[PDB]
Amino acid sequence: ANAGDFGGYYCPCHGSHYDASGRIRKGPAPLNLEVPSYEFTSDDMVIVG
Amino acid sequence: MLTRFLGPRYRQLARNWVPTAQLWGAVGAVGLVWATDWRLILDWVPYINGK
Amino acid sequence: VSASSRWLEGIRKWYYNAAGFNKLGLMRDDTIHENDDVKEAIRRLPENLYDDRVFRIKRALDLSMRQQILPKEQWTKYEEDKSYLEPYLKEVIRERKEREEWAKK
Amino acid sequence: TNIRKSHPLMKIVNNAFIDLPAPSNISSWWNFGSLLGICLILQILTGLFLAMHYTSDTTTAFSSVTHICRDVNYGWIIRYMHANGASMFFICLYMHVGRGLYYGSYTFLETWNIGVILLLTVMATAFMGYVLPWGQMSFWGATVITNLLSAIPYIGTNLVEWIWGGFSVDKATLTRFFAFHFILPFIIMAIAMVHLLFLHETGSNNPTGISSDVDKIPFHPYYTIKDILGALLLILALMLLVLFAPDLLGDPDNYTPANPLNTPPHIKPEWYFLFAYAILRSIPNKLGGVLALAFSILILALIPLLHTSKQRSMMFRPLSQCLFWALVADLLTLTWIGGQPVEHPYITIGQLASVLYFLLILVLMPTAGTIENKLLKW
Amino acid sequence: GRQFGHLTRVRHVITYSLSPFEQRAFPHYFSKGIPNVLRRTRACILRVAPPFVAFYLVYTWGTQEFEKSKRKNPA
Amino acid sequence: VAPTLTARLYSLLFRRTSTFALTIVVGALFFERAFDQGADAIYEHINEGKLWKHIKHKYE
Ligand code: HEM
Ligand code: HEM
Ligand code: FES
C-alpha cells in the first residue's frame with residue numbers, strides 16, 4: 001500500500017507499480033489487480049463476494 | 001554445417017517418410033486429446049459429447 | 001610482402017607466444033582436438049612423426065602435471081613449428097567430403 | 001587369479017576407482033566430482049536424521065525445526081550441516097560446471113547432459129528443501145517461484161493450482177514438498193551413477209585438452225588420496241560455516257514463521273539462484289522473464305554446438321580465457337544485482353549483465369574461437 | 001571400456017622413477033615453490049583480473065549511485 | 001465377407017505401425033465411452049438406490 005511511482009501499490013518481487021485504481025503502469029505484471037464482485041448494503045457496509 | 005544433408009537423395013528420403021511422419025502426428029494429436037479429454041476439441045466429435 | 005604481411009605475421013607470432021603451448025615443448029598440431037578426421041590422420045602418420053608426437057605430448061602432460069614449464073631456450077619457436085599433421089588431415093577431410101557428395105546423388 | 005578383478009561386485013568398484021586409468025595430468029579443478037558425491041551423501045545422511053524429527057504439517061513445521069535445534073541432541077549441528085551442505089553443494093556444482101566449460105569437458109555429450117539433468121535436479125531438490133521449515137522466506141520464496149509457471153499460455157493457471165494442491169501455497173503444498181525433497185536425492189544418486197557410467201567410456205579430460213592415453217595413471221593411490229585431501233578441505237569449508245557463521249548464507253527473515261498476508265519488502269531466493277533471479281526480472285514481461293530464466297540454465301545444453309575452436313581446452317587460448325572470466329564476472333554481477341531491490345542503477349545494469357551473459361555465450365565465445373583458429377593458420 | 005594394456009601405442013620412451021621412501025615429500029618447498037607461483041600468477045593475471053576489477057568498479061559505483069539517488073536537495 | 005473382413009482390416013489399418021497405432025488410439029476413444037455407458041447402465045440396473053431420489057426431493 002502507498003508505494004511506487006503512482007501513489008497506489010508496488011509489488012517488490014519484480015517491480016510492479018500500480019495506481020490508486022489498481023491498474024498496472026510499470027513493471028512486468030500483465031493485467032490490472034482483480035476487482036472482486038461487490039455491492040454496498042448501506043452507507044456504512046460493504047459486502048464483497 | 002547442415003549442408004551435408006542437402007541433395008537429391010535426401011530430398012527423396014524426406015518425401016518417403018512424409019506419410020509416416022504425418023500419421024505419427026495424427027496419433028499424437030488424438031493421443032493427447034483423448035488423454036486429457038480435450039473439452040475444446042472433443043465437442044466436435046459425434047458420440048463423444050458426454051455433457 | 002611489405003610492412004603489411006610482417007604485421008599480420010607478427011600479430012600471429014604474438015598470439016602464438018600467448019597461446020603458450022610452445023612453453024610445454026608442444027607444436028600447434030599436437031594441441032589439435034581429436035575427432036574422427038583427426039583420429040584417422042593421427043593414424044596415417046609415418047612411424048617417426050607418430051613416435052615424436054607421442055613423446056612431445058608426454059613431455060607436456062608431465063609438465064602440466066607438476067605445473068612447471070620448459071626453460072626458455074627449449075620453447076618451440078614460431079617459424080620452426082612444423083605442421084606435420086596438416087597434409088594428412090586435409091586429405092582425410094578431402095576424402096570424407098567426397099563420400100558426402102556421393103551421398104547426395 | 002585376483003578377486004578384486006573378477007568378483008561381479010568388486011569389478012565395478014575396481015574399474016570405477018582402483019584400476020581405472022586416469023591422466024597424470026588432472027588438477028584441483030577435477031576434485032569437484034568427488035566433492036559433489038560427498039555433498040550428496042552428506043545431504044542424504046544429515047537430511048535423514050532431520051526427517052526423524054521434522055514433522056511436515058504447517059502447525060508444527062517451524063516448531064519441529066526449533067524442537068530439533070534445542071531439544072534434539074546435536075540436532076543443531078545436524079540442522080546446520082544440512083543447510084550449509086546445501087550451499088557447499090552449490091559451490092561445488094558451479095565450480096564443476098566451470099571446469100567443464102573452461103576445459104572443453106562438454107565434448108562428452110552424454111556425460112555433460114546427464115550433468116545438466118543433475119543440475120536441474122539438485123536445483124529442483126533445493127528449491128523444495130527450503131520451503132520445509134515454513135519460514136517467511138520459505139512460504140514467500142515458495143510463492144514467488146511456483147507462480148512463475150503461470151505464464152505458460154492456456155495452462156499456467158491450471159498447472160500452478162495443480163502443483164499447489166489448492167488455490168495457494170497451503171497445507172497440501174508443504175507435505176508435497178517434503179515428500180519430493182525426500183525422493184529426489186535418491187533419483188539424483190541413480191542419475192549420478194549413469195553420469196559416471198557414461199564418463200567411464202572415455203575416461204577423464206585434462207587441463208591441456210590433449211588426449212592423455214599416452215600418460216595414464218591408476219586412480220588408486222593417486223586420485224584416492226588427492227580426493228581424500230580435497231574432501232578434508234570441503235569439511236573445513238563446511239564446518240567453518242556451521243561452527244562459526246551458521247546464518248551467514250541464510251536470510252534472517254526465514255526465522256519468522258510464515259504469514260500469508262504479510263509479504264516482506266526484502267523478498268529474494270537463496271544465494272544460489274540470485275544470478276537467475278536477476279536475469280528474470282530484468283525483463284518487463286511475464287512470459288519473457290520466465291522464458292529467459294529457463295533459457296538461462298538450459299543453455300548449458302547449447303554449449304557443445306557452440307564449440308568452434310580447433311582445440312578442446314581453453315588453456316592455450318587467451319581471447320577465450322578473457323571471455324570466460326568476463327562470463328564468471330558477469331555472473332557475479334548477476335548475483336549481486338539479484339540481491340538488490342529493483343530500483344535505480346540496479347535495473348539497467350541488471351538488464352545489461354543479462355544481455356551480456358547471452359552475448360558472451362551465444363556469440364562472443366564462438367567468435368573468439370574462430371578468430372583464435374584464424375590466428376593459428378588453422 | 002578402458003584398461004591398462006589397451007590404451008594406446010607408445011615406443012622408445014624410458015621412465016626413471018624413485019621409491020617414495022627414498023625421496024623427500026617437499027623438496028625445496030619454498031625455494032622453488034614460491035618463484036613458480038609468482039610465475040603462474042604473472043602468466044594469468046592479464047586474463048583473469050581485468051573482468052573482476054571491471055565488476056568491482058561497477059559494484060562500488062552502482063552502490064554509490066543507488067544511495068545518492070535517494071535524497072533530494074531543491075525542487 | 002468374413003475372411004475379407006480380417007483381411008481388409010489388416011490391409012487398410014494394420015501393416016503400417018502408423019495406422020496400427022492411429023487406430024488403437026482412435027479405437028480407445030470410442031471404446032472408453034461405450035464401455036462407460038454400458039458399465040454404468042449395468043451398475044444402475046442392478047441398483048436404483050440413488051439418483052431417482054432426486055426427482056423426489058428437489059425439482060425447483
Ligand atoms: C549431481 C552433481 C554431479 C555429480 C555428483 C557429478 C559427479 C562427477 C564425477 C564424480 C566426475 C569425475 C571426474 C571429475 O570430477 O572431473 C564428474 C566429471 C564430469 N561431470 Fe559431473 N557431476 C555432477 C554435476 C555435473 C554437472 C552439473 C555437469 C555439467 C552440466 C557435469 C558434467 C561433467 C563432466 C562433463 C565431467 C567430465 C569432466 C572432465 O573429465 O574434465 N556433471 N562428475
Ligand atoms: C533424501 C535426503 C534428504 C532429506 C531426508 C532431506 C530432508 C530435509 C528436511 C526434513 C528439512 C527440514 C528440516 C530443516 O530445515 O532442517 C530439509 C531442509 C533442507 N535440505 Fe534437505 N533433505 C535431503 C537431501 C537434500 C538435498 C539433496 C538437498 C540439496 C543440497 C537438501 C538441501 C536442503 C535445504 C535447502 C533445506 C532447507 C533449508 C534449511 O536447512 O533450513 N537436502 N531437508
Ligand atoms: S510477483 Fe509482483 S512484480 Fe513479480
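Proteins come first, then strands; the chains are lettered A, B, ... in the order of their sequence lines, and each starts at number 1. Numbering of ligands and ligand atoms starts at 1, following listing order.
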statement: Ranking D:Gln43, D:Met189, D:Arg79 by closest non-hydrogen atom to atom 24 (C) of ligand 2, top hit is D:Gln43

message: Students should be able to answer this: which protein heavy-atom is nearest to atom 20 (N) of ligand 2, and at what distance?
response: D:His82 NE2, 2.6 Å

- request: Enumerate the atoms of ligand 1 whose separation from the nearest heavy atom of D:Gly33 is less than 4.0 angstrom.
  value: 7 (C), 8 (C), 9 (C), 10 (C), 11 (C), 15 (O)

task: Give a yes/no on ligand 2: does D:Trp76 have at least one heavy atom closer than 4.0 angstrom to it?
output: no

field: Test item, A:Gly15 contacting ligand 3 (heavy atom, 4.0 angstrom)
entry: yes

message: To make sure I understand the geometry: which N, O or S atom in A:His14 is closest to atom 4 (Fe) of ligand 3?
response: ND1

message: Please determine whether any non-hydrogen atom of D:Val116 lies less than 4.0 Å from an atom of ligand 1.
response: yes

message: Can you tell me if D:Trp112 contacts ligand 1 (heavy atom of the residue under 4.0 Å from the ligand)?
response: yes

- prompt: Identify the closest protein heavy atom to atom 38 (C) of ligand 1: which residue and atom is it, and at what distance?
  reply: D:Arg99 NH2, 3.0 Å

query: Would a distance-only check, ignoring hydrogens and angles, find a side-chain to backbone donor-acceptor pair under 3.5 Å from D:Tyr223 to D:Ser24?
result: yes

- request: Tell me which protein heavy atom sits closest to atom 23 (C) of ligand 1, plus the residue, atom name and distance to 0.1 Å.
  value: D:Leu36 CD1, 3.6 Å

query: Looking at atom 2 (Fe) of ligand 3, what's its closest protein heavy atom, distance included?
result: A:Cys11 SG, 2.3 Å

field: Ring-ring centroid check D:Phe127 D:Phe273, cutoff 6.0 Å
entry: no

message: Between A:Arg25 and A:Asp5 (salt bridge meaning N to carboxylate O under 4.0 Å), is one present in this structure?
response: no

query: Judged by atom type as modelled, is there a donor-acceptor pair below 3.5 Å linking the side chain of A:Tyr9 to the main-chain atoms of A:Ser21?
result: no

Pair D:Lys268 + D:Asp253, salt bridge at N-O below 4.0 Å: no

query: Against heavy atoms of D:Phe89, which atoms of ligand 2 measure under 4.0 Å?
result: 30 (C)

query: If you draw a 6.0 Å radius around CD1 in D:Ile183, do more than 12 non-hydrogen atoms from other residues or ligands fall strictly inside?
result: no

- prompt: Counting distance only, does the side-chain N/O of D:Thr66 pair as donor-acceptor with the main-chain N or O of D:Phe62 below 3.5 Å?
  reply: yes

task: Just go through D:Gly47, D:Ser87, D:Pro185, D:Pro133 and tell me whose heavy atom is the nearest to atom 7 (C) of ligand 2.
output: D:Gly47

- request: Looking only at distances, please establish whether an N/O atom of ligand 2 is found under 3.5 Å from an N/O atom of D:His181.
  value: yes

- request: May I ask you to identify the nearest protein heavy atom to atom 40 (O) of ligand 1, giving residue, atom name and distance to one decimal place in Å?
  value: D:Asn205 N, 2.8 Å

message: I need the contact type for D:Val97 against ligand 1. Using non-hydrogen atoms and a strict under-4.0 Å cut-off, is it side chain, backbone, both or neither?
response: side chain

task: Considering heavy atoms of the protein only, find what lies nearest to atom 43 (N) of ligand 1 and give residue, atom and distance to 0.1 Å.
output: D:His96 NE2, 2.8 Å

- line: D:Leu132 heavy atoms within 4.0 Å reach ligand 2 at atoms 9 (C), 11 (C), 12 (C), 17 (C)

message: Under 4.0 Å, heavy-atom basis, I'd like to know which part of D:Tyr130 is in contact with ligand 2: side chain, backbone, both or neither.
response: both

- request: Flag this pair as yes if the NZ/CZ of D:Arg99 is under 6.0 angstrom from the six-membered ring centre of D:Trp30 and inside a 45 degree cone about the axis; otherwise no.
  value: yes

message: Could you identify the single nearest non-hydrogen protein atom to atom 41 (O) of ligand 1 and state the distance to 0.1 Å?
response: D:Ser105 OG, 2.7 Å

message: Suppose we call two aromatic rings close when their centres sit under 6.0 Å apart. Are D:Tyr106 and D:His307 close by that rule?
response: yes

field: From the candidates D:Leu40, D:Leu93, D:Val122, the one that places a heavy atom nearest atom 2 (C) of ligand 1
entry: D:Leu93

- prompt: Does the ring centre of D:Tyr277 sit less than 6.0 Å away from the ring centre of A:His14?
  reply: yes

Atom 34 (C) of ligand 1: nearest protein contact (heavy atom, Å): D:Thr111 CG2, 3.7 Å

- request: To the nearest 0.5 Å, tell me how far D:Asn205 CG sits from D:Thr107 OG1.
  value: 6.0 Å

Sidechain-backbone polar pair: D:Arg312 side chain, C:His33 backbone, donor-acceptor under 3.5 Å: no

message: With heavy-atom distances below 4.0 Å as the criterion, list the atoms of ligand 2 near D:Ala83.
response: 40 (O)

- prompt: Closest non-hydrogen protein atom to atom 14 (C) of ligand 1, residue and atom name please, with distance?
  reply: D:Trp30 O, 3.5 Å

field: Residue-ligand contact D:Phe178/ligand 2, heavy atom below 4.0 Å
entry: yes

Shortest protein contact, atom 13 (C) of ligand 2 (heavy atom only): D:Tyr54 CD1, 4.1 Å

N, O or S atom within D:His195 nearest to atom 21 (Fe) of ligand 1, by name: NE2

- prompt: Which residue from D:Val131, D:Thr125, D:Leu48 reaches closest to atom 27 (C) of ligand 2 through any of its heavy atoms?
  reply: D:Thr125

query: Looking only at atom types and distance, does a side-chain atom of A:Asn32 sit under 3.5 Å from a main-chain N or O of A:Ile24, one as donor and one as acceptor?
result: yes

query: D:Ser138 side chain to D:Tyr130 main-chain N or O, any donor-acceptor pair under 3.5 Å?
result: yes

Within 6.0 angstrom of D:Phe358 CZ, more than 12 heavy atoms from elsewhere: yes

- request: Using modelled atom types only, decide if a donor and an acceptor are shared between the side chain of D:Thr208 and the backbone of D:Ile210 within a distance under 3.5 Å.
  value: yes

message: Measuring centre to centre across the rings, with the benzene-like ring taken for any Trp, is D:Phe139 within less than 6.0 Å of D:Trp134?
response: yes

message: How far is atom 37 (C) of ligand 1 from the closest protein heavy atom, and which atom is that?
response: D:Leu199 CD1, 3.7 Å

- prompt: For ligand 2, which part of D:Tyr272 has a heavy atom less than 4.0 Å away: the side chain, the backbone, both, or neither?
  reply: side chain

field: Candidate pair D:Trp271 and D:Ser87, rule side chain to side chain donor-acceptor pair (under 3.5 Å), full reasoning
entry: CA-CA 8 Å; D:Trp271 77 263; D:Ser87 272; 2.7 Å; yes

statement: Near D:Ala126 (heavy-atom distance under 4.0 Å), the atoms of ligand 2 are 35 (C)

